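**Q** Experimental structure and sequence below, a few questions after.
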Amino acid sequence: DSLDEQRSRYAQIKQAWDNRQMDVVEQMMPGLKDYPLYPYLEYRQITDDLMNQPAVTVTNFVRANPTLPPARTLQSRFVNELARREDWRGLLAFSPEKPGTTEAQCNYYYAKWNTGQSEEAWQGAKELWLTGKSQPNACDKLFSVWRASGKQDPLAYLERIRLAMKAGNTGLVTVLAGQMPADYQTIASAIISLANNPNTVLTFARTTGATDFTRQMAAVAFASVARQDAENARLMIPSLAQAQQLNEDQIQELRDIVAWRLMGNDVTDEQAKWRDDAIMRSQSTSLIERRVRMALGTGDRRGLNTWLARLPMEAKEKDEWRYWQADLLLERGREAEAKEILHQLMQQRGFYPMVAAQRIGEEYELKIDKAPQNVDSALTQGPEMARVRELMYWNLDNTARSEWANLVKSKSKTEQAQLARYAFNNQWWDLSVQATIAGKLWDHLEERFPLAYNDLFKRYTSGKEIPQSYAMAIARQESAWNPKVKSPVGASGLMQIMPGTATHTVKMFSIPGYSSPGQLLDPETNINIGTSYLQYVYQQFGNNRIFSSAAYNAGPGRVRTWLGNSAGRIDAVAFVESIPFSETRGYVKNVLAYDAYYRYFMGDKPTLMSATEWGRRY
Ligand SMILES: CC(=O)N[C@H]1[C@H](O[C@H]2[C@H](O[C@H](C)C(=O)N[C@@H](C)C(=O)N[C@H](C)C(=O)O)[C@@H](NC(C)=O)[C@@H]3OC[C@H]2O3)O[C@H](CO)[C@@H](O)[C@@H]1O
């Protein structure tokens, strides 16, 4: 036998298994014991009949496979199965210690109650209870018996209502208030009315006794009101402060909430004056930073000087604010002071350090730390690495990511760098990036930005205007090179393409052969459709990477709106910094920095922006 022959038998047993040709599977299983992925076959077998599995079988499998990701998750999964059987005694015999998942934890504590360990059951219940998040259905029975015991502190009950409200979990706020303990029954209806409609906040505030609880509840609803109508909330502050006898800090929080909603282009002069007075009296760093961005996005020089100065000392340490301090100093004719800041920025890694270099006409120096010459360690020769090798061979990147996560975890920086280089050497691009992240190897640029799917990117950009380096930068930011990754919202593959976008792109470009979003997990298909849409927004916005990256992330419409706001009054850097969506702003910064890294590894000059992008009016 050989690894090569086992690979064929492995693919064949999975094929038979998928067809439920169990006679073939039973005959083939024994002959695959020496294949690295045999534990995955055993796991599938055990879970196939989990409802009839004795605990001893599960315990034995979990103990025999300590580094197998699914063996680790089987612990919590079986705890849930024992709960389903109502085998409380068995659950604790199988899992004497608190399990890993929340659902399993709910069942673990209910098992404790069922076996006479009430005090311990209550300690766990309270810990699972104190969250604004909706917990697993399994916890319902636990919270119920906990409350029925008389040991549930009513203050803890009211506290979860506060947490739920803050989390925006109004459905939970309502359910809790609907089952309100007698202690707080008098305000139950008011709370339900507040969660149902935040516009009842003034009524809520006036009809309930002002306490820390009602003040916090009202403050959350107030922010919901400000989001729907900033003026309505602005005008309500006096009455709310009087209704709840709010102190200075509490009144300022209300001012901050409204100020956040008056950052639009449509604000009146009265609203703008009120907003700026509120921000002047604020202690909120993020609010002041948003105001600075408003000055940057409108070309307001005096405003930039004023608001940058209002930032607390700590915020002024940030790369962006240091650059904008230098920008102000340059215009003031303080060359030496400004250029020393820019030179200090150039010594660091990132977007601004590269902007600093281009600003003063100096070539940016990439700091590249090399991994060790020898990457072969005990970690690269053990059984877990052998499983990683097989998983990657079958293109099971998500499954391999979990194995790799265990392998790089709790390792020295040296070992994590060797693992990154080992992955890099084997062209396991996503694993290479994953190891650099785990080890925080930020200056190991070669392993952080591998030339992944190079031939495909070249082929699919040769007929387009978007640079190959640019398409790769976008992919790097989107998927960290894992072709099988999907976001919570459904974005898929290397370029994180949404199903709707793929369909719309295929139609717009008359691309053949696309019939299912599942194909987005194929590297070539993903790169084909992704480079197509990227080229679309690129040409639509005049071959400008700031606009195309922002459009790829937030959509063409948002970019048009932002450009209508700045209206040709600002420069490239101010446009990037003033982007109002933090996700898109960070996305653009990362992509521009990554494109420079890719140009470098391709042998081109890594200048941050083209002369056209750098000099254009925004
Ligand atoms: C698969 C997916 O969800 N993709 C979305 C992508 O999400 C990234 C995102 O990465 C950010 C930039 C990050 O800082 N990640 C950490 C792990 C990191 O240290 N990165 C290093 C700088 C590096 O070298 O890469 C994170 N997501 C969020 C929501 O914050 C998270 O980490 C990796 C992925 O999940 O973000 C894109 C938008 O920026 C999105 O379009 C894409 O669907």
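**A** Yes, it's here. Numbering: from 1, shown residues only.
**Q** can you pull the contacts of the residue in the stretch 251-400 of the chain that the ligand sits nearest to?
**A** Proximity of the stretch 251-400 of the chain to the ligand (CB to the nearest ligand atom) peaks at residue 350, 9.9 Å away. C-betas here are computed from N, CA, C, even on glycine. Contact analysis of residue 350 by CB atoms under 8 Å, 6 or more residues apart in numbering lists 319, 589, 593.
**Q** ends of stretch 425-432, how far apart?
**A** Start-to-end span of stretch 425-432 (CA to CA, to the nearest Å) is 9 Å.
**Q** buried residues in it?
**A** Of the residues in stretch 425-432, those buried by neighbour count under the rule 16 or more other CB atoms under 10 Å are 428, 429, 430, 431, 432.
**Q** residues contacting the second one?
**A** Under the criterion of CB under 8 Å, 6+ apart, the neighbours of residue 429 are 423, 450, 452, 453, 481.
**Q** Farthest-apart pair in those, please.
**A** In these, two members sit farther apart than any others by CB to CB. They are 423 and 453, at 15.2 Å.
**Q** on that earlier part again, show me the contacts of residue 429 that map onto strands.
**A** When the contacts of residue 429 are checked against strands (DSSP state E), there are no matches.
**Q** Go through these and say which is closest to the ligand.
**A** Within these, the smallest distance to the ligand is 9.7 Å, found for residue 481 (CB to the nearest ligand atom).
**Q** contacting residues around that closest one?
**A** Taking CB under 8 Å, 6+ apart as the contact definition, residue 481 lies against 429, 430, 432, 433, 450, 452, 475, 494.
**Q** do residue 307 as well
**A** 288, 291, 292, 295.
**Q** Highest neighbour count among the contacts of residue 350?
**A** residue 589 (23 neighbours; other CB atoms under 10 Å).
**Q** SS state for residue 86?
**A** Secondary structure of residue 86, reduced to three states by DSSP: H, G, I helix; E, B strand; the rest coil: coil.
**Q** quick revisit: dump the contacts of residue 350 into a markdown table; add secondary structure and distance to residue 34 as well.
**A** Shown next, in a markdown table, are the contacts of residue 350 (DSSP: H, G, I helix; E, B strand; the rest coil; distance: CB to CB, whole Å):
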| residue | secondary structure | distance to residue 34 |
| --- | --- | --- |
| 319 | helix | 53 |
| 589 | helix | 49 |
| 593 | helix | 46 |
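**Q** Just name the closest of these to residue 199, please.
**A** Ranked by distance to residue 199 (CB to CB), the contacts of residue 350 are led by residue 589 at 38.3 Å.
**Q** isn't that closest one right next to residue 576, touching?
**A** Yes. Counting by CB atoms under 8 Å, a contact exists between residue 589 and residue 576, whose distance comes to 6.5 Å.
**Q** Show me the common contact partners of these two, please.
**A** Residues touching both residue 589 and residue 576 (CB under 8 Å, 6+ apart) are residue 351.
**Q** Show the contacting residues for the residue of the stretch 501-618 of the chain found nearest the ligand.
**A** Scanning the stretch 501-618 of the chain for the residue nearest the ligand gives residue 587, at 4.3 Å (criterion: CB to the nearest ligand atom). If you count contacts by CB under 8 Å, 6+ apart, residue 587 has them with 477, 549, 550, 553.
**Q** Now for those residues: which two are most distant?
**A** Counting by CB to CB, the most remote pair of the contacts of residue 587 is 477 and 550, 12.4 Å apart.
**Q** Can you give the contact residues for stretch 129-148?
**A** Outside stretch 129-148, the residues within contact range by CB under 8 Å, 6+ apart are 80, 83, 102-103, 106-107, 109-110, 113, 121-122, 124-126, 128, 152, 156-157, 159-160, 162-167, 169, 171-172.
**Q** same deal with stretch 6-14?
**A** Contact with stretch 6-14 is made by 24-25, 28-29, 31-32, 34-35, 37, 41, 390, 393-394, as judged by CB under 8 Å, 6+ apart.
**Q** List the buried residues of that stretch.
**A** The neighbour-count check on stretch 6-14 (16+ other CB under 10 Å) flags 6, 7, 10, 13, 14 as buried.
**Q** what about stretch 517-528, start to end distance?
**A** With CA to CA as the measure, stretch 517-528 spans 13 Å from end to end.
**Q** So which bits of it are buried?
**A** Residues of stretch 517-528 classed as buried by neighbour count (16+ other CB under 10 Å): 517, 519, 520, 521, 523, 525, 526, 527, 528.
**Q** With stretch 199-206 instead?
**A** Within stretch 199-206, the residues that qualify as buried are 199, 200, 201, 202, 204, 205, counting by 16+ other CB under 10 Å.
**Q** Report the secondary structure state of the first one.
**A** I take that to be residue 199. The three-state label for residue 199, taken from three-state DSSP, comes out as helix.
**Q** do you know how far it is from residue 211?
**A** 22 Å (CB to CB, to the nearest Å).
**Q** Repeat that for the fifth one.
**A** In this structure, residue 204 and residue 211 are separated by 12 Å, where distance is defined by CB to CB.
**Q** swap in the second one?
**A** When distances are taken as CB to CB, residue 200 and residue 211 turn out to be 18 Å apart.
**Q** before we move on, what about the fourth one?
**A** Residue 202 sits 17 Å away from residue 211 when distances are taken as CB to CB.
**Q** residues from the stretch 301-450 of the chain in reach of the ligand?
**A** If contact is defined as CB under 6 Å from any ligand atom, the residues of the stretch 301-450 of the chain in contact with the ligand are 437, 448.
**Q** In contact with the nearest residue to residue 380 once chain neighbours are set aside, which residues?
**A** Distances taken as CB to CB, 6 or more residues apart in numbering put residue 422 closest to residue 380, at 5.2 Å, once the chain neighbours are dropped. Residue 422 is in contact with 375, 376, 380, counting by CB under 8 Å, 6+ apart.
**Q** List only buried entries from the residues you listed.
**A** Buried members of the contacts of residue 422, scored by 16+ other CB under 10 Å, are 375, 380.
**Q** Show me which residues of the protein sit near the ligand.
**A** For the chain, the residues found near the ligand under the criterion CB under 6 Å from any ligand atom are 437, 448, 478-480, 485, 487, 491, 496, 553, 583, 587, 590.
**Q** more crowded one of residue 423 and residue 453?
**A** Per other CB under 10 Å, whichever of residue 423 and residue 453 has more neighbours is residue 423, with 28 against 22.
**Q** Return the residues in contact with that one.
**A** Residues in contact with residue 423, defined by CB under 8 Å, 6+ apart, are 404, 429, 431, 432, 434, 435, 447.
**Q** just residue 240 next, same as before
**A** Taking CB under 8 Å, 6+ apart as the criterion, residue 240 is in contact with 201, 202, 205, 218, 222, 246, 254.
**Q** The fifth one is in what secondary structure piece?
**A** The reference is to residue 222. Using DSSP states H and E, residue 222 maps to helix 212-228.
**Q** Tell me the buried residues in that helix?
**A** Using 16+ other CB under 10 Å as the test for burial, helix 212-228 gives 213-215, 217-226.
**Q** Phi, psi for residue 486 please.
**A** Residue 486 adopts backbone torsions of phi -130, psi 140, taken as degrees, to the nearest 10.
**Q** That one pairs with what?
**A** On DSSP bridges, the residues paired with residue 486 through beta bridges are residue 492.
**Q** Surely it is in contact with residue 498?
**A** No. Distance between residue 486 and residue 498: 10.4 Å, which falls outside the contact criterion (CB under 8 Å).
**Q** Overlap in contacts, those two.
**A** Listed as contacting both residue 486 and residue 498 by CB under 8 Å, 6+ apart are residue 492.
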